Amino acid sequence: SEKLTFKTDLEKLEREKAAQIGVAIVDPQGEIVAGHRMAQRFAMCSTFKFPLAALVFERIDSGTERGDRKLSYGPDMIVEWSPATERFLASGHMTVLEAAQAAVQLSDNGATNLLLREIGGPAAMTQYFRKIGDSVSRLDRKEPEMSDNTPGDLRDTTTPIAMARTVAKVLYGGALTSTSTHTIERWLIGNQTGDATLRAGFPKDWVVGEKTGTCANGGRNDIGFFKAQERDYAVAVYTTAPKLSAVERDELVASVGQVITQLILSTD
């Protein structure tokens, strides 16, 4: 069956690359299509910036936040990998929406932390996962320490299945207004950081949007959505490959994209 070949193809990559691959594919209602180590915890790394932007839009939707509110900051908000926050530093602020878009499409850490400083910190991020029916994902720290991915640490983790269901809830399951949903969907399609990861392994006519993440200790992740054969899906991929190079980890995730494609093409 297509599900056995999916598993054995992922196990081959896992053996040969000395890696662990967690994957969940769900339909728009969160129904499982396929998975592998789907309920093992993995560090979210930057993937949590997608749900963080969803949280931001829920606050906009409810009138407790305004997308063009200016958020002021100084040099101390600049951390590793803050390309847009660095550019906007002299101006002295980014708006809520500028920071959210940079968090999503550039994985900007300063922008992420600026939003966390506005929405009530890691506790409030965790509270939003619970609100949207995810009892698993948890943010405990800001960037970059939340990406430390110390082996066995449950802080700052999710599972493939919980996060795939979270993605589905946000894009398909009515969590946000239609306006807010469409905005975040387009940001994911226009993501700047995902060209060499999952989307590299999908057919070119599939509509795909995703958010990547990289952790210390070999974490490399990609979550998002794809539309194939008039069928919509949500997908979460988390991998741990301590001995691969960064480029090899990209290749690993693209290879997982290929394995997913083969399952979907085989699926009645």
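In this text, residue numbers run from 1 along the sequence as written.
*Asks:* Going by the mean C-alpha B-factor recorded in the entry, which is higher: 33-41 or 222-230?
*Replies:* Of 222-230 and 33-41, the stretch with the higher C-alpha B-factor average is 222-230.
*Asks:* Averaging CA B factors per stretch from the PDB record, which one is higher: 254-262 or 12-20?
*Replies:* So the stretch with the higher mean C-alpha B-factor is 12-20.
*Asks:* Per the entry, which of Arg165, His182, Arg155, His93 tops the list for Cα B factor?
*Replies:* By C-alpha B-factor in the record, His182 ranks first.
*Asks:* Go through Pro51, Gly209, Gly213, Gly201 one by one and give the residue whose Cα B-factor in the PDB entry is largest.
*Replies:* Of the candidates given, the C-alpha B-factor peaks at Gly201.
*Asks:* Comparing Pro160 with the other modelled residues of its chain, is its CA B-factor in the lowest, middle or highest third?
*Replies:* Lowest third.
*Asks:* Looking at the entry's B-factor column for C-alpha atoms only, identify whether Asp76 ranks in the lowest, middle or highest third of its chain.
*Replies:* According to the entry, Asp76 has a C-alpha B-factor in the chain's middle third.
*Asks:* For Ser46, return the chain-relative third of its C-alpha B-factor as stated in the PDB record: lowest, middle or highest.
*Replies:* For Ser46, whose C-alpha B-factor we compare with every modelled residue in the chain, the answer is the lowest third.
*Asks:* Lowest, middle or highest third of the chain for the C-alpha temperature factor of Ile132?
*Replies:* Its C-alpha B-factor, which the entry lists for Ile132, ranks in the middle third among residues of this chain.
*Asks:* Sorting the chain's CA B-factors, does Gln192 end up in the lowest, middle or highest third?
*Replies:* Tercile = lowest for this residue's CA B-factor.
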